[PDB]
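These values consider heavy atoms only, across backbone and side chains, with no hydrogens, waters or symmetry-generated copies. Throughout, protein chains are lettered first and strands after them, A, B, ... in sequence-line order, and every chain is numbered starting at 1.
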Number of protein chains: 2
Amino acid sequence: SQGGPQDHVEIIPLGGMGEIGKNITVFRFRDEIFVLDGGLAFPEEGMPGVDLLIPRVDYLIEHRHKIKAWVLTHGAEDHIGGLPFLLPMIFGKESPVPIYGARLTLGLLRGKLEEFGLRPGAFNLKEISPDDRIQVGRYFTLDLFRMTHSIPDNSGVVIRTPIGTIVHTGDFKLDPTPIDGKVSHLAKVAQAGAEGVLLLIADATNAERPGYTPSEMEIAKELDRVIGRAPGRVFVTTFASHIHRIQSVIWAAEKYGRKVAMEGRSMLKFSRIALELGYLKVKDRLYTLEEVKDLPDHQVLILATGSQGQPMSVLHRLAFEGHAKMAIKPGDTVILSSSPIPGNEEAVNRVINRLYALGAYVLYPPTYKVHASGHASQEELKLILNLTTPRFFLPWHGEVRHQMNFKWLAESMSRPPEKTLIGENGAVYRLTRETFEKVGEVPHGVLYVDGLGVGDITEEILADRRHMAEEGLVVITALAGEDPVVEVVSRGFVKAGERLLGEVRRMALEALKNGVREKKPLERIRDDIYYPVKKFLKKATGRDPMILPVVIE
Amino acid sequence: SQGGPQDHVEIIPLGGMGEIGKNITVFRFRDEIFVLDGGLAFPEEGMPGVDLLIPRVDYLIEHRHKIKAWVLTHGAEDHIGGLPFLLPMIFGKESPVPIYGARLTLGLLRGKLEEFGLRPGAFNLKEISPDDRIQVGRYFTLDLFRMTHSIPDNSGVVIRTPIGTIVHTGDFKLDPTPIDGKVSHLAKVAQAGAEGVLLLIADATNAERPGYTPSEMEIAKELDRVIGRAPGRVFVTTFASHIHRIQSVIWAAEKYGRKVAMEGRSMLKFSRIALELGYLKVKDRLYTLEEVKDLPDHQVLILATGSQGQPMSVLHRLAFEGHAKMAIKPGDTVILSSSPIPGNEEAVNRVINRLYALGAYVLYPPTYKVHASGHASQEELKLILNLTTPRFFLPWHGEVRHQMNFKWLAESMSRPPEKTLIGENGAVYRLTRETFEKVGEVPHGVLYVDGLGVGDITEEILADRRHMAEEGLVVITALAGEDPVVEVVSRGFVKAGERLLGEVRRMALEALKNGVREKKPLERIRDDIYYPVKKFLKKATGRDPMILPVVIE
RNA sequence: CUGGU
RNA sequence: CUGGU
Ligand SMILES: [Zn+2]
Ligand SMILES: [Zn+2]
């Protein structure tokens with residue numbers, strides 16, 4: 001370690017900037033690298049078929065030997081979910097590199113790795129306290145600090161480098177009454193700010209939300225209020241990783257003499273591990289859907305998936321498609337212990353409307369305080385800003401709107417930062433004792449994943465999938481022979497253009513006759529058919545349908 | 001007119017039930033019919049290409065001679081927009097049937113009819129007061145009453161029939177301080193309730209919202225607050241039909257010495273008519289975008305479209321695509337004087353993020369009280385329920401969720417209705433002095449409209465457009481000749497299935513060879529190729545792509 | 001409770 | 001801040 005003008009820390013976010021999911025940040029000093037989380041993202045913007053989204057680790061594959069350790073802040077999908085895809089890409093089916101995480105974080109990763117044909121023993125999973133102090137290589141001293149969020153065992157991290165202090169808040173809220181009674185530890189954060197914070201990296205999710213984010217204890221009381229009032233069966237949907245919320249529901253069920261049943265693999269995965277490691281206390285046991293069937297209504301509570309109106313989720317199956325023993329009977333109580341994520345609003349709305357139609361009482365925010373964001377609002381963020389007083393600021397875990405507002409929030413403070421930068425995935429930020437700026441970019445992006453594997457859906461597949469939905473398809477079949485025949489057919493094409501299909505046959509027949517006379521190859525006849533039919537349809541319908549000219553000898 | 005068991009009123013909603021748009025209700029007694037509004041609906045659920053949605057008037061086409069009059073409550077698109085398509089379908093390019101509406105309502109319809117190749121003189125447009133009393137045939141006495149909403153000249157209607165009173169609230173809110181100072185007239189409503197209300201049909205939009213909906217005067221003050229604070233140019237987007245909101249913006253511009261410019265044809269249409277009929281007061285004049293260009297920033301205010309993040313709107317062009325003289329310059333103020341409609345949330349979010357990135361200050365609710373719903377909340381609805389005390393209730397202008405809540409709201413009242421029914425488009429409700437029930441259904445649905453005309457996009461076009469986006473396309477070309485050749489190509493198909501394309505060629509070649517040997521017609525060879533390739537791909541990829549087997553001799 | 005280079 | 005008959 002040393003200092004001066006040549007010494008600097010390089011921060012490279014490969015995901016989680018200008019967005020909410022697939023968090024992965026790269027920290028570099030000299031010839032050493034440390035990675036902060038290996039996240040996953042979810043779709044629904046205009047992407048069909050795609051199940052998951054994983055960041056492009058091209059920088060990590062290239063520098064695979066400089067990686068000294070992988071540090072994980074929490075066990076939620078947008079922080080660990082990407083790893084059983086990123087790990088074999090960077091190291092292969094085994095690695096001695098240390099993977100640091102808390103009991104629940106590594107407990108969840110063990111299950112994730114094991115289900116993908118891997119062995120947890122093949123990778124170096126090193127358990128640490130959420131408040132642990134760890135050394136990474138020769139240049140990084142990582143001081144982890146407990147922070148209240150949606151999942152237990154969630155941490156922030158004070159990154160001590162040879163040029164200055166970097167405070168990373170992680171995903172947080174300043175919940176005074178958490179469900180497990182394990183409060184946010186601000187000592188290290190307050191000690192770091194007193195030493196002096198060179199750079200603060202903070203959760204920007206709710207930088208536009210005024211006030212304070214409600215406690216999980218407040219939500220637990222309102223869930224106990226609504227469950228106790230319910231007449232028959234109770235159906236509760238939440239995000240799968242929300243162990244604390246799952247606890248609040250079980251507490252209520254147990255308080256009213258109800259037996260908890262679980263449906264939906266995502267939520268069954270998180271709970272199995274959580275219960276095993278003492279993160280979920282259940283006075284009785286989690287019953288099967290088969291066992292609960294015979295029980296009377298007022299003694300039944302089913303915890304399930306589908307809080308975002310997902311097509312194959314349990315709540316969707318209950319509303320639309322159908323389920324084995326789970327049918328929405330008139331009089332049922334359905335609590336959506338979540339909020340619609342921007343883009344999944346209509347999917348939640350459709351399911352809610354379908355549920356209501358079946359005789360069920362559908363409970364949800366803002367009408368009933370059944371959900372709180374796991375992220376800090378303005379008052380909690382201002383507290384952190386004042387506790388740290390950083391020289392430089394880098395808002396994270398939010399979109400451009402959320403980042404700009406945290407920038408303004410930091411500028412309205414007594415001692416604002418010297419400069420604030422809006423973080424982008426793939427950017428390379430150079431950090432010295434007195435400077436903080438973008439210096440370049442590294443290969444970045446996303447990889448589309450489905451049940452058939454990683455990269456089974458590409459950018460092209462999706463790009464032309466848009467073309468087909470937006471404008472339609474025109475398939476022209478041309479026979480490059482002695483007797484030429486052109487047959488043109490369509491699917492999802494406007495009736496105005498459908499009327500013009502007869503002219504398309506004649507349009508291509510002309511181009512086919514010229515292709516044979518000149519004895520042009522089939523690859524040149526295609527382009528003699530494509531382009532004129534493209535300009536004809538745009539000038540007659542305004543549309544740009546996907547024109548597929550098939551040329552056979 | 002008469003009474004007893006055989007006398008009854010038939011209510012047939014052709015649109016506006018179980019939804020928010022395309023309002024059209026049919027009222028029948030004996031051999032006479034009266035229509036309440038001729039609405040239009042907007043898409044964005046999973047419908048590409050589609051511009052507008054118009055109800056299926058198959059009942060009105062069949063009974064075109066029983067129609068005594070067409071009554072219009074307001075000039076908003078979801079109440080009048082459908083008419084320059086429904087009118088030629090029911091009557092033809094001319095009709096002597098009376099079309100009743102207020103000055104603004106008919107003023108807007110005149111413009112709408114005229115732009116579609118019609119003449120306003122060809123139809124019988126009869127101007128009435130928003131508080132007028134009108135006779136329709138021999139059985140209907142229609143008592144219109146002014147109600148505060150988003151557009152001026154908006155009415156409710158007390159429908160007096162030979163069997164009882166039907167109170168229709170229309171689209172409303174109980175705004176104490178409207179922008180034009182033309183308050184809601186509750187006298188007729190209170191008089192009807194004292195006589196006794198047989199059926200109430202009421203606006204259910206905000207039946208889940210507690211309290212009272214804020215006044216347009218409250219929004220005007222907050223818009224004046226934000227415009228006065230703005231440093232440079234001001235960009236304001238609202239819904240086009242919101243004349244009162246457009247007035248509140250002009251008032252603020254004029255208060256700070258700014259000149260108003262207008263871009264976006266939808267908003268240019270409503271304002272031209274409104275200004276002409278004295279519904280919009282502008283101290284100076286609405287300037288062109290060309291004239292305002294040279295003016296300094298703090299003296300520029302541009303009123304535009306794109307409050308729902310619409311692809312070809314002015315605000316979208318400013319953010320994404322591009323505009324002639326309108327570029328988002330860093331320092332600009334952008335006020336989204338609206339709310340995201342469920343389903344258009346991500347479109348608004350994308351535009352907001354794109355705007356922020358360009359250096360603009362983006363203002364919107366809930367952070368700034370720049371928008372109020374034009375619909376009554378719980379307190380206003382309870383007031384109406386108590387003012388009317390109906391024997392029977394029919395919630396309207398809302399989805400199943402909104403309808404169920406109004407049903408509960410009406411059941412928590414001191415004197416609840418005898419029965420409440422959840423209104424569905426195409427249903428036929430029989431109403432007698434002591435009964436109210438569903439008796440049958442009539443041909444109903446929607447028609448997809450675009451710039452190329454009505455029905456240019458069908459249900460099939462959209463249905464197979466989904467197939468193409470969801471799973472992809474497999475085009476198999478088979479040559480039913482002496483020398484058979486099978487060429488299989490794909491677009492938007494999964495790489496797992498793309499790998500299996502070679503086997504598809506062999507799969508169809510087998511079926512082609514059997515088709516020739518048996519001398520089967522080309523229409524039977526297609527099905528010999530289609531079905532086996534369909535079952536093969538589902539058992540190897542799980543996907544159901546659109547298989548297009550093209551057979552040529 | 002929506003648009004139309 | 002999301003799923004997996
Ligand atoms: Zn997170
Ligand atoms: Zn309306």
Side-chain angles (χ1 to χ4, degrees), chain A residues 19-23 39-44 51-53 76-79 81 150 171 205-206 237-242 264-269 305-317 321-324 326 338-344 347-348 373-375 397-399 450-451, chain B residues 19-23 39-44 51-53 76-79 81 150 171 205-206 237-242 264-269 305-317 321-324 326 338-344 347-348 373-375 397-399 450-451:
Chain A
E19 56 173 329
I20 283 99
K22 66 184 168 65
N23 293 271
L40 176 150
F42 289 110
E44 279 197 78
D51 288 80
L52 312 171
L53 279 89
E77 294 286 356
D78 80 301
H79 285 263
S150 14
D171 291 52
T205 320
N206 287 136
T237 66
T238 66
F239 304 96
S241 65
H242 290 39
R265 65 209 311 256
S266 307
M267 224 183 69
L268 279 153
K269 196 205 173 281
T305 47
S307 74
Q308 302 314 299
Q310 7 253 358
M312 254 287 163
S313 62
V314 188
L315 199 73
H316 199 286
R317 267 138 68 189
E321 279 82 65
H323 197 280
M326 282 169 90
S338 96
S339 69
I341 304 315
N344 301 69
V348 193
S373 159
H375 306 271
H397 208 271
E399 298 162 21
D450 63 8
Chain B
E19 56 173 329
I20 283 99
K22 66 184 168 65
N23 293 271
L40 176 150
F42 289 110
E44 279 197 78
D51 288 80
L52 312 171
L53 279 89
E77 294 286 356
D78 80 301
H79 285 263
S150 14
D171 291 52
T205 320
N206 287 136
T237 66
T238 66
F239 304 96
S241 65
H242 290 39
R265 65 209 311 256
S266 307
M267 224 183 69
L268 279 153
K269 196 205 173 281
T305 47
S307 74
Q308 302 314 299
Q310 7 253 358
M312 254 287 163
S313 62
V314 188
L315 199 73
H316 199 286
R317 267 138 68 189
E321 279 82 65
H323 197 280
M326 282 169 90
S338 96
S339 69
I341 304 315
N344 301 69
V348 193
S373 159
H375 306 271
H397 208 271
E399 298 162 21
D450 63 8

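- Regarding contacts with the backbone of D:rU2, every side-chain N or O of A:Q308 stays at 4.0 angstrom or more from both OP1 and OP2.
- Note: CE (B:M326) to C1' (C:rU5) measures 13 Å, nearest angstrom.
- For B:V348 against B:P340, the heavy-atom pair with the smallest separation is CG2-CB, 3.8 Å.
- Here A:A41 lies out of heavy-atom contact (under 4.0 Å) with every strand.
- Side-chain nitrogen and oxygen atoms of B:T305 include at least one within less than 4.0 Å of the OP1 or OP2 phosphate oxygen of C:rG4.
- Between B:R265 and C:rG4 there is no side-chain N or O to OP1 or OP2 distance below 4.0 Å.
- Following rounding to the nearest Å, B:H316 (NE2) and C:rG3 (P) show an atom-to-atom distance of 13 Å.
- No donor-acceptor contact under 3.5 angstrom links the side chains of A:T305 and A:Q310, judged on distance only.
- Side chains of B:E77 and B:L52 form no contact here, defined as non-hydrogen atoms less than 4.5 Å apart.
- Judged by distance alone with a 3.5 Å cut-off, a donor-acceptor contact links the side chain of A:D51 to the base of D:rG3.
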| message | Wobble G-U and Watson-Crick pairs count when both distances are under 3.5 Å; given that, what is the 5' to 3' dot-bracket string of RNA chain C, with | for pairing to other strands? | response | .....

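- Nearest-nucleotide positions on RNA chain D for A:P43 and A:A324 put A:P43 closer to the 5' end.
- The nearest whole Å value for the distance from the CG atom in B:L268 to the P atom in C:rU5 is 10 Å.
- Nearest to the side chain of B:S307, among D:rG3, C:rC1, C:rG3, sits C:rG3.
- No side-chain heavy atom of B:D78 sits under 4.5 Å from any side-chain heavy atom of B:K22.
- A:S241 comes within 4.0 angstrom of the backbone, heavy atoms only, and of no base.
- Rounded to a whole Å, the CG atom of A:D78 is 10 Å from the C1' atom of D:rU2.
- The distance from atom CE of A:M312 to atom P of D:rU5 is 7 Å, rounded to the nearest whole Å.
- Closest contact between the side chain of B:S150 and the listed nucleotides C:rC1, C:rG3, D:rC1 involves C:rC1.
- Nucleic acid contact for A:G264: sugar-phosphate only, since backbone atoms but no base atoms lie under 4.0 Å from a heavy atom of the residue.
- Side-chain atoms of A:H397 and A:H375, non-hydrogen and from C-beta on, do get closer than 4.5 Å to each other.
- As rounded to whole Å, 4 Å separates atom P of C:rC1 from atom NE2 of B:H242.
- Residues A:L315 and A:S307 fail the side-chain proximity criterion, which asks for heavy atoms closer than 4.5 Å.
- Phosphate proximity of C:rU5 to B:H323: absent, as no side-chain N or O sits under 4.0 Å from OP1 or OP2.
- Remark: P of C:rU2 and CD1 of B:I341 are 7 Å apart, rounded to the nearest angstrom.
- Out of D:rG3, C:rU5, D:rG4, the shortest distance to the side chain of A:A240 is found at D:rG3.
- Note on B:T238: only backbone sugar-phosphate atoms sit closer than 4.0 angstrom, heavy atoms only; bases stay farther off.
- As rounded to whole Å, 15 Å separates atom P of C:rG3 from atom CG of B:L53.
- Using a 4.0 Å heavy-atom criterion, one finds that A:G374 contacts the sugar-phosphate atoms exclusively.
- The shortest distance between the side-chain N/O atoms of A:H79 and the OP1/OP2 oxygens of D:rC1 is not below 4.0 Å.
- Heavy atoms only, all atoms of each residue included: A:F42 and A:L53 are closest at C-CD1, 3.7 Å.
- For B:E399, the side chain to side chain donor-acceptor pair (under 3.5 Å) partners at least two apart in sequence or on another chain are A:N349, A:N353.
- Nearer the 5' end of RNA chain C, as judged by each residue's closest nucleotide, is the contact made by B:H375, out of B:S266 and B:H375.
- Closest to the side chain of B:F42, out of D:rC1, C:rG3, D:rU5, is C:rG3.
- Within the nucleic acid shown, A:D171 has no heavy atom closer than 4.0 Å to any nucleic acid atom.
- For A:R317, the listed nucleotide lying nearest its side chain is D:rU5; candidates were D:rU5, D:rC1, D:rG3.
- Residues B:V314 and B:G21 both approach RNA chain C. Their nearest nucleotides, taken by heavy-atom distance, put B:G21 toward the 5′ side.
- Between B:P311 and B:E321, the shortest heavy-atom contact is O-OE1, 3.2 Å.
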